[PDB]
Amino acid sequence: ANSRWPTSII
Amino acid sequence: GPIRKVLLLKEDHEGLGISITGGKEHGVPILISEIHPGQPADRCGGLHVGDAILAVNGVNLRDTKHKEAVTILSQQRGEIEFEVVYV
């Protein structure tokens, strides 16, 4: 999928 | 959907057990993109993929940038209240 926004594991 | 208040219980050796995406700089809320199996968010029962996190322990996250939200969320300990909504 698209990865334009960041993702953080928290 | 309806705004919900959800309680999560976290031990100090754990994270929240979620992945978040979005943030003010992207024009979207802090959104839960993963609920990791067996970790505190999964165990609490009331947090789901697609939920926007509106607030945590009374701290508004609706206008927060991504990394601001990470810092705020990761600071919370123990019995943690969330205000969330699924859209």
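Here, every reference points to the structure presented above.
We now turn to the structure provided with this report. (Residues numbered from 1 in each chain as written, not as in the entry; some residues may be left out. Chains lettered and ligands numbered in written order. Heavy atoms only, no water.)

**Thoughts on the pattern of salt bridges**
Residue and element names in this part refer to chain B.
- Applying the stated rule across the entire model yields 5 salt bridges over all chains.
- The salt bridge partner of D51 is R4, with a shortest N-O separation of 2.8 Å. Of this pair, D51 sits in strand β4 (residues 51–56) while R4 sits in strand β1 (residues 4–9), placing them 47 residues apart in sequence.
- Look at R4 and you get partly exposed, because its relative accessible area is 21%.
- As a salt-bridge pair, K5 and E81 come within 3.9 Å of each other at their nearest N and O atoms. Here the residue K5 occupies a position in strand β1, and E81 occupies one in strand β6 (residues 79–86), the gap between them amounting to 76 residues.
- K5 sits in the exposed class, given a relative accessible area of 55%.
- Bridged by salt links that share partners, the residues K5, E81 and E83 form one connected network. (Salt bridge = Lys/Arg side-chain N within 4 Å of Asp/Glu carboxyl O. Helix = DSSP H or I, 4+ residues; strand = E, 2+ residues; numbered from the N terminus. Buried < 20%, exposed > 50% of the residue type's maximum accessible area, 1.4 Å probe, protein only.)

**Quick look at helix α2 (residues 66–75) of chain B**
- Among the residues of α2 of chain B, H66, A69, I72 and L73 of chain B are the ones counted as buried. The arc that holds the buried residues of α2 of chain B, viewed along the axis, is 130 degrees, so those residues lie on one side. Projecting away from the buried face of α2 of chain B at angles above 90 degrees are the exposed residues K67 and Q75 of chain B.
- As for α2 of chain B, its buried residues are in contact with β1 (7–9) of chain A together with β2 (18–23), β3 (28–35), β4, β5 (59–60) and β6 of chain B. (Arc of directions from axis to C-beta. Contact = heavy atoms within 4.5 Å.)

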